[PDB]
Amino acid sequence: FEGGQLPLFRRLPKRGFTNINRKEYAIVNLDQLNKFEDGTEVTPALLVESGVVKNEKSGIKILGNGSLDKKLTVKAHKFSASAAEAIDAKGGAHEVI
Amino acid sequence: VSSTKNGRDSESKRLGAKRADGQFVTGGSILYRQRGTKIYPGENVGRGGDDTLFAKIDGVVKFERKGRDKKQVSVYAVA
Amino acid sequence: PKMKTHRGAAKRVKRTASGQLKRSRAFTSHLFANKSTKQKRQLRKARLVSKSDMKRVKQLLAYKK
RNA sequence: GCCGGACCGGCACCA
RNA sequence: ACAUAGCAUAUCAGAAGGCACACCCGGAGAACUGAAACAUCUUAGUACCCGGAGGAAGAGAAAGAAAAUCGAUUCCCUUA
RNA sequence: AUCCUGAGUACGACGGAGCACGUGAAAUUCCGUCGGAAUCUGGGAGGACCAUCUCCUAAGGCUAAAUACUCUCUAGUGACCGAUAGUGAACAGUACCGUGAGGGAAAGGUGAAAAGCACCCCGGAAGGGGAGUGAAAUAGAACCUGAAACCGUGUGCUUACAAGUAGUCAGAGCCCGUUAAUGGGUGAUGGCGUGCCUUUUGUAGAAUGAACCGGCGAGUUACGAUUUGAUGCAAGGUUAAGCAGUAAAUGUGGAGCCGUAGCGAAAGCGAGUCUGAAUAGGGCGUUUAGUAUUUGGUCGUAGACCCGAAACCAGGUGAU
RNA sequence: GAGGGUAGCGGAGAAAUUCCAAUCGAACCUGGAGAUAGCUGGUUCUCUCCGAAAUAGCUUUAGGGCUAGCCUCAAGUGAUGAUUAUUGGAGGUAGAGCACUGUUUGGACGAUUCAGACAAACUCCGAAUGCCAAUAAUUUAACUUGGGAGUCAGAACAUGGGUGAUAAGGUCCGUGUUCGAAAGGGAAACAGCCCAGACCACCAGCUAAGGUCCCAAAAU
RNA sequence: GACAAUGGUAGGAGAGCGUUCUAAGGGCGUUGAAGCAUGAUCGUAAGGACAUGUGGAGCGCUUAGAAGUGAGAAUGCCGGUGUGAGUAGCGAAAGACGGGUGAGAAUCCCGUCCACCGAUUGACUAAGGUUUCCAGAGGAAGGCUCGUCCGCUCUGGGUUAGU
RNA sequence: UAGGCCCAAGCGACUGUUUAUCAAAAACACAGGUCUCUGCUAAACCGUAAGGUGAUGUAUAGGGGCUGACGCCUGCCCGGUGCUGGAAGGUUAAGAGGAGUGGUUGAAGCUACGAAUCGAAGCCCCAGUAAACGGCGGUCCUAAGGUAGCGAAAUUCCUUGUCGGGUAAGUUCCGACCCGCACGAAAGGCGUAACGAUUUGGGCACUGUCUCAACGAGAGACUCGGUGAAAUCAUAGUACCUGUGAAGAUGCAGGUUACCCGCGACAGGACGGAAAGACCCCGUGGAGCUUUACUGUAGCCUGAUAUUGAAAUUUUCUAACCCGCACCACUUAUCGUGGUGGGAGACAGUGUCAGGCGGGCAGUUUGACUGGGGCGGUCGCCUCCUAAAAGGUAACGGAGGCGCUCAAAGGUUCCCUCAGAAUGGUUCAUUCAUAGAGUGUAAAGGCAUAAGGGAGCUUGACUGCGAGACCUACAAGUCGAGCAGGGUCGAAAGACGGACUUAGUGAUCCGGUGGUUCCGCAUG
Ligand SMILES: [K+]
Ligand SMILES: [K+]
Ligand SMILES: [K+]
Ligand SMILES: [K+]
Ligand SMILES: [K+]
Ligand SMILES: [K+]
Ligand SMILES: [K+]
Ligand SMILES: [K+]
Ligand SMILES: [K+]
Ligand SMILES: [K+]
Ligand SMILES: [Mg+2]
Ligand SMILES: [Mg+2]
Ligand SMILES: [Mg+2]
Ligand SMILES: [Mg+2]
Ligand SMILES: [Mg+2]
Ligand SMILES: [Mg+2]
Ligand SMILES: [Mg+2]
Ligand SMILES: [Mg+2]
Ligand SMILES: [Mg+2]
Ligand SMILES: [Mg+2]
Ligand SMILES: [Mg+2]
Ligand SMILES: [Mg+2]
Ligand SMILES: [Mg+2]
Ligand SMILES: [Mg+2]
Ligand SMILES: [Mg+2]
Ligand SMILES: [Mg+2]
Ligand SMILES: [Mg+2]
Ligand SMILES: [Mg+2]
Ligand SMILES: [Mg+2]
Ligand SMILES: [Mg+2]
Ligand SMILES: [Mg+2]
Ligand SMILES: [Mg+2]
Ligand SMILES: [Mg+2]
Ligand SMILES: [Mg+2]
Ligand SMILES: [Mg+2]
Ligand SMILES: [Mg+2]
Ligand SMILES: [Mg+2]
Ligand SMILES: [Mg+2]
Ligand SMILES: [Mg+2]
Ligand SMILES: [Mg+2]
Ligand SMILES: [Mg+2]
Ligand SMILES: [Mg+2]
Ligand SMILES: [Mg+2]
Ligand SMILES: [Mg+2]
Ligand SMILES: [Mg+2]
Ligand SMILES: [Mg+2]
Ligand SMILES: [Mg+2]
Ligand SMILES: [Mg+2]
Ligand SMILES: [Mg+2]
Ligand SMILES: [Mg+2]
Ligand SMILES: [Mg+2]
Ligand SMILES: [Mg+2]
Ligand SMILES: [Mg+2]
Ligand SMILES: [Mg+2]
Ligand SMILES: [Mg+2]
Ligand SMILES: [Mg+2]
Ligand SMILES: [Mg+2]
Ligand SMILES: [Mg+2]
Ligand SMILES: [Mg+2]
Ligand SMILES: [Mg+2]
Ligand SMILES: [Mg+2]
Ligand SMILES: [Mg+2]
Ligand SMILES: [Mg+2]
Ligand SMILES: [Mg+2]
Ligand SMILES: [Mg+2]
Ligand SMILES: [Mg+2]
Ligand SMILES: [Mg+2]
Ligand SMILES: [Mg+2]
Ligand SMILES: [Mg+2]
Ligand SMILES: [Mg+2]
Ligand SMILES: [Mg+2]
Ligand SMILES: [Mg+2]
Ligand SMILES: [Mg+2]
Ligand SMILES: [Mg+2]
Ligand SMILES: [Mg+2]
Ligand SMILES: [Mg+2]
Ligand SMILES: [Mg+2]
Ligand SMILES: [Mg+2]
Ligand SMILES: [Mg+2]
Ligand SMILES: [Mg+2]
Ligand SMILES: [Mg+2]
Ligand SMILES: [Mg+2]
Ligand SMILES: [Mg+2]
Ligand SMILES: [Mg+2]
Ligand SMILES: [Mg+2]
Ligand SMILES: [Mg+2]
Ligand SMILES: [Mg+2]
Ligand SMILES: [Mg+2]
Ligand SMILES: [Mg+2]
Ligand SMILES: [Mg+2]
Ligand SMILES: [Mg+2]
Ligand SMILES: [Mg+2]
Ligand SMILES: [Mg+2]
Ligand SMILES: [Mg+2]
Ligand SMILES: [Mg+2]
Ligand SMILES: [Mg+2]
Ligand SMILES: [Mg+2]
Ligand SMILES: [Mg+2]
Ligand SMILES: [Mg+2]
Ligand SMILES: [Mg+2]
Ligand SMILES: [Mg+2]
């Protein structure tokens, strides 16, 4: 309340809408992928078990922050272009599942 | 009883000098607010649509004489 | 009981990474002939809730993250 | 604004 | 007209009224108040009143939830 | 699938209502009025609606348990009260007030044991003084303790020429003698000096409030938010209900919640993203620290620091 | 007189807002109920450090509120704060002047010229100051982010002004001080004037304003 | 050790005093607890001791914990007691004396005289009240004084219907 | 113990009634008058209804409005409002009706809408109506401009009008005048015998009302015995004067006066006691009341539809529905229920939906500033002065303007220079003329680089932005170099993101329109 002056949240306009079908992913970066040893197959179940991912959300997306330094077979729902390129260029492989 | 027909004034426009002679200013700094050319744009100084004088480069402000009855403001690079 | 969010405010702002509130701009509904082209172009751009207003209205959006 | 006569006359009017 | 309504009898004992009627179900239902005025809105289906019951009541066995499937109702956490 | 499977029903229009949802793009449920289907090749729902798909099968009924409450009863509990508290009521819905509905008090304590004062004296009595009982009677019933206001009796100092918020600083004289301290009481006389609270620009104020004394009498708690301090763990931190346990600590419980990534209205992209034709510029971001519990501060929802209206509504009581 | 009837969103009224159980512009009792009260009053132990405001903007706002200003507490940053000296600059007040606009008095000449005056909204001119900056001396702040406020009735005095009447202990702005929230000395007494800012104690000393015949300290 | 600071309302910050309860530890108490009263005691403050008297059974201290935790003001609430003050008043009016009773008499009883009402201050019904009626006894309180008296207190009585 | 009387005036005819507890009256009532409604299940009123009052009445009756005995009388206006009556011309709702359009699947189907046309009352229109609401001015205008009577009045402001009477002296009184601020005919006009605890003026009688007080009786007061309150109260050893001070002092200053303690008296002060001022203002406080304030609503009117049928073309019929209609039975019954007749009849009544009327009733609103409030004025924006030579700076201080305009009055390139005066000519020419002109518009600041004037081309009056600044509580407002995309003018450098600058504007919510690599609730 501003003593009768029009409040800020009445003088400003409403904006946008909420998407009812919005998808949000649990994100894993390459520096988090460093935790596993070479040759390991990474799955959402493995990620939740080892504790990297706490809540699965709409799926698991691999992102390209940090440096991987390991050779892994990463099975996830989504990969960023940089994450896929780094996984493939470190000797490993990735698959969208 | 009676009444007055006056009692009006517009908001004051805060005109006049905004930076001092010998002061360093970044480019775009407003140097002078005015109606008309009370002071002219000199070297490296522009004149806006509402007669505002502003610096076109970074440098030092110099208010200087321009003829007998006019003056100008310039901005010179420090180097 | 739980504090209630201010629903109109929640419809008008969004929360940035550092905790600021992104807001839209007033004078963007109509009467566009009475406003210059530069005025409307720059009114198109969002701003933040000011610090003084934030001091006033922070608790209304405490749950909005 | 909707309609009937030559504006007039009724009806309608929740930024 | 017949019958019916009505009027007597005989037998039974079904109802009546009460409550801690607190909790429950149903009928009916405010205003001060808040909105810094006020009429939509709010107070609130709240107070009060009326009816009906039980140790509980109400609900309950999908013309359901859903979008990989579950499998009556109710209540607690969370979703928020 | 030959037959049956709930009809004035479902449903629709109008007017309403219930649904978190105010008629809205308003599905779903119900009421009044009026209209009004189909029959497994059927019917309904999946938030207007159509199609497809998916799920279901209304218009009949019954159904324990997990849930809600406490005038009661039994057994117990309390960093709850302790007689102005705690029930209004420790001895009462009484006394008292009111035509009535209705309102509604005050008031506990001898002593271990009544051993509750034989007897004598003054007095009509009441009440006393002795004597007795008792550890104690100034524990004698108006009874434990017995504060203050207030009322008296005695007197150490002082006071009848003096003008005053009553004290304070200085100070003789007189009287006493201590928690033994460069002591106590009183005070001739001199200097200075217009109470307190509230509210005010400013109050000695002739502005407010208080007769005095005593008791009672005002920022609290719950649930959320935020911030700070503390502590544990740390790219992690932490459980809720429940179950077990002594109404405990605690164990178990990972559902959920906050972080580890942001940007955009959104689709999305992602250490970037949005805008933009842009490989430009610009906004917000990246370029490690959070989380749980808790002391303090503040805010929100609650009556929310306490007392106070004139009034409004509902149901009753009154034409003595 | 007795027995009865009409009841509060109502009765009754030869009418007065009149009566309905000692106050009727809408009875009384209980409940909603701790209605609401931007108003008034009240709000309980101590000491220590710091210490305001009575302003702006907006407000069905004006004795309320919000944000800013001013206070406080804690973290940070670090020269960015203050004063003076020098130097540079912006600007049109005081004064002055009549070159413009306007006002005005005497001459002369055939409107011009000569002389002399007036101005907040006149200026050919134009200070003192104050302000903005730059790099030496002195000094001690300044800023950022968070927690917590209170304040939005101001008053006198001096001075620059408006208003009023070169009235007001008037009123409205600028500037400074004091009161507010400040005791002490002086001005008889006397918030606001002069001197001066009380940590506590002393039967020591020097001074300020103001004073030195007596009241009453100090010069008959 | 040598320098500096310390007036203050609203208000911010800090440190403490005291009250009740709890936990643990350690103590006091009929050879006298709490409370109350007095004193010339101690600490920078809130406040803490000691001694004596009263009292007659509970109560300190240390650390920590928790609060119905501190009153001088609210025309605050309840209770007690002042002041005004021996003041206003003692509620329409005619009494006097003798005798009696008695601890006590203007005030009770008896007597005489006097006075007042008398379309009523007389007499009888009703409503309403509900034992106030009667006798004996009593005098704390009630009675606007007093009281030996009473509509007051104690004890015992009292209301009779075919009309 | 037991009327004072007389003369004159206002008001009201009269007896009566009223604010229990400050008003008894001129107020109310009244008999009388008039208007209006009402044909009986009357109208009106109470009640949701049933049931009632009206009335066991029936237009010589009942309800409502106004006037208020009686006498003489009661003039003009129907334009407006109300009421009454016409008319179905226009306007409108539900409902009837479906031209047509879209969504979905080439359709049909389902679905969301949906246009002609029909569809009542009311309103718009016409008329009448004043003992209806009202109105009876200022050649002009009106609907019409005051008849009788009365008039300085319960009405007259000026005003103690003027004249006369009454008095020695009369703002009152009586009688006249009319210049009626602002009488006037049933919110009746003018009179009126009788009546009045009515108002007003005069006179007689009479008096302690008074000159002018004195004495006496009794009850209080006062003294004594008994009994014994109250409001009030910060503590009080509580003087006066002049001053001081929150501007009126017991309490402060300087003087002046005053031995300690009672009792009877008095009221100047203690801004004495009493009741949180009734006046006044303020609160986005309350309540009662009003209305052409807003929004509603009881109720009333009207239409559709259901109950609800049968034949002609509104009429008919009877059989549903109705009868506070008769007879009969239940039944010693003015209720009710059945039966039979009669009346009425698919109307009415009632339900649902719709339109209209609706201070009868209800909930609320009805601003602020203000040298108190009201009334007046003002409320946002621009310019100047006040404003104290940066910026800022108030008053119901002093002056004005704005709520636009322009298709060029914008952009660019090129060219050009004004007002005035004198001198000659039946606007033309010369010389002086730094602007003394012009600049769309108010003012100020600017401008002869012209920002002023003209000409050619033109649309930068672009798209995406934007380092950095000004202003500022916020929301807003202002300037802006440069970068990219495409242009215009210019030979070129270059200029151009409207106008010499500064007013010409209004948030959010909601809704309309166009676009859209966005979402769109199982999928499309
Ligand atoms: K119920
Ligand atoms: K309010
Ligand atoms: K509907
Ligand atoms: K603030
Ligand atoms: K001049
Ligand atoms: K009786
Ligand atoms: K009649
Ligand atoms: K008419
Ligand atoms: K003023
Ligand atoms: K100025
Ligand atoms: Mg321009
Ligand atoms: Mg422009
Ligand atoms: Mg029961
Ligand atoms: Mg409100
Ligand atoms: Mg359906
Ligand atoms: Mg079925
Ligand atoms: Mg006690
Ligand atoms: Mg009690
Ligand atoms: Mg004793
Ligand atoms: Mg005792
Ligand atoms: Mg003496
Ligand atoms: Mg003497
Ligand atoms: Mg003195
Ligand atoms: Mg004052
Ligand atoms: Mg006094
Ligand atoms: Mg007061
Ligand atoms: Mg008082
Ligand atoms: Mg007290
Ligand atoms: Mg609070
Ligand atoms: Mg708290
Ligand atoms: Mg706050
Ligand atoms: Mg009255
Ligand atoms: Mg009246
Ligand atoms: Mg009456
Ligand atoms: Mg009464
Ligand atoms: Mg309530
Ligand atoms: Mg209250
Ligand atoms: Mg200080
Ligand atoms: Mg001058
Ligand atoms: Mg003044
Ligand atoms: Mg002055
Ligand atoms: Mg000043
Ligand atoms: Mg103050
Ligand atoms: Mg002082
Ligand atoms: Mg100071
Ligand atoms: Mg003086
Ligand atoms: Mg002095
Ligand atoms: Mg002072
Ligand atoms: Mg000396
Ligand atoms: Mg001397
Ligand atoms: Mg000091
Ligand atoms: Mg201090
Ligand atoms: Mg604090
Ligand atoms: Mg503390
Ligand atoms: Mg303590
Ligand atoms: Mg307390
Ligand atoms: Mg008190
Ligand atoms: Mg007394
Ligand atoms: Mg005496
Ligand atoms: Mg006296
Ligand atoms: Mg006396
Ligand atoms: Mg007496
Ligand atoms: Mg007597
Ligand atoms: Mg008698
Ligand atoms: Mg007797
Ligand atoms: Mg007696
Ligand atoms: Mg007796
Ligand atoms: Mg009369
Ligand atoms: Mg009479
Ligand atoms: Mg009276
Ligand atoms: Mg009277
Ligand atoms: Mg009349
Ligand atoms: Mg007509
Ligand atoms: Mg006529
Ligand atoms: Mg007049
Ligand atoms: Mg008249
Ligand atoms: Mg007439
Ligand atoms: Mg008339
Ligand atoms: Mg008359
Ligand atoms: Mg006489
Ligand atoms: Mg006498
Ligand atoms: Mg006497
Ligand atoms: Mg006496
Ligand atoms: Mg003073
Ligand atoms: Mg004075
Ligand atoms: Mg005096
Ligand atoms: Mg004196
Ligand atoms: Mg005396
Ligand atoms: Mg008084
Ligand atoms: Mg008052
Ligand atoms: Mg009304
Ligand atoms: Mg209301
Ligand atoms: Mg006002
Ligand atoms: Mg005024
Ligand atoms: Mg200045
Ligand atoms: Mg200036
Ligand atoms: Mg104007
Ligand atoms: Mg205008
Ligand atoms: Mg141009
Ligand atoms: Mg769907
Ligand atoms: Mg879909």
Side-chain angles (χ1 to χ4, degrees), chain A residues 1-23 27-29 32 51-52 54-55 61 63-65 80-81 83, chain B residues 3-4 6-10 12-40 46 48-57 60-61 63 71 73, chain C residues 1-4 8 12 16-18 20 22 25-31 34 36-39 41-42 44 46 48 50 52-53 55-56 58-60 62-63:
Chain A
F1 195 63
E2 302 187 33
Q5 173 174 264
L6 191 75
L8 172 75
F9 292 132
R10 292 261 315 251
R11 79 187 81 132
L12 303 177
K14 302 189 293 184
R15 178 164 181 97
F17 77 101
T18 311
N19 183 24
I20 203 193
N21 293 347
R22 156 112 182 129
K23 315 202 271 319
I27 57 168
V28 175
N29 282 291
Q32 290 171 298
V52 171
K54 171 78 65 191
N55 189 219
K61 189 181 294 175
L63 291 186
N65 220 43
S80 63
Chain B
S3 85
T4 165
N6 306 312
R8 280 164 321 272
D9 210 3
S10 63
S12 316
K13 288 295 123 61
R14 280 86 163 149
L15 309 174
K18 302 310 192 185
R19 290 288 189 272
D21 177 284
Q23 202 178 357
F24 175 84
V25 296
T26 54
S29 297
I30 284 167
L31 314 172
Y32 205 78
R33 297 274 216 185
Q34 54 177 354
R35 298 275 83 85
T37 46
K38 204 198 307 273
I39 296 182
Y40 282 83
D50 75 335
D51 304 301
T52 299
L53 305 189
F54 62 96
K56 280 153 106 305
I57 65 181
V60 181
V61 175
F63 287 89
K71 58 183 45 166
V73 62
Chain C
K2 284 191 199 173
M3 191 148 80
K4 299 232 185 170
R12 292 173 169 81
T16 77
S18 62
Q20 301 279 97
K22 173 187 198 188
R25 315 290 309 283
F27 300 81
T28 47
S29 281
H30 68 162
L31 294 165
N34 303 174
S36 73
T37 305
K38 170 206 234 189
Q39 264 179 285
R41 192 171 66 239
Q42 305 196 331
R44 217 180 285 151
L48 308 164
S50 71
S52 56
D53 290 307
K55 302 171 39 146
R56 196 195 302 101
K58 49 203 303 274
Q59 285 287 241
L60 296 192
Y63 283 109

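Numbered from 1 within each chain, the chains take letters A, B, ... in sequence-line order. What's counted below: heavy atoms across the whole structure, side chains too, no hydrogens, waters or symmetry copies.
- The base of I:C384 is paired with the side chain of B:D9 by a donor and an acceptor separated by under 3.5 Å.
- In terms of polar N and O atoms assigned as donor or acceptor, the side chain of B:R14 never comes within less than 3.5 Å of the base of I:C471 in a complementary pairing.
- Between A:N21 and I:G520 there is a side-chain polar atom (N or O) within less than 4.0 angstrom of OP1 or OP2.
- Taken together, F:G152 and F:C196 do not qualify as a Watson-Crick or G-U wobble pair under the 3.5 Å criterion applied to both distances.
- Applying the 3.5 Å distance criterion, the base of F:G270 shares a donor-acceptor pair with the side chain of A:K61.
- Donor-acceptor pairing under 3.5 Å, judged by distance alone, is absent between the side chain of B:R8 and the base of I:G380.
- Backbone-only engagement by B:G48 is indicated by non-hydrogen atom pairs under 4.0 Å involving sugar-phosphate atoms exclusively.
- For the pair B:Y32 and G:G91, the criterion of a side-chain N or O lying under 4.0 Å from OP1 or OP2 is met.
- Put simply, the side chain of B:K13 and the base of I:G477 share no donor and acceptor less than 3.5 Å apart.
- One finds no side-chain N or O of C:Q42 lying less than 4.0 angstrom from the OP1 or OP2 phosphate oxygen of I:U478.
- In this model, no side-chain donor or acceptor of B:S10 finds a partner on the base of I:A503 within 3.5 Å.
- Contact check, B:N6 against I:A399: a side-chain N or O comes under 4.0 Å of OP1 or OP2.
- Checking the phosphate oxygens (OP1, OP2) of F:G285, a side-chain nitrogen or oxygen of C:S18 falls inside 4.0 Å.
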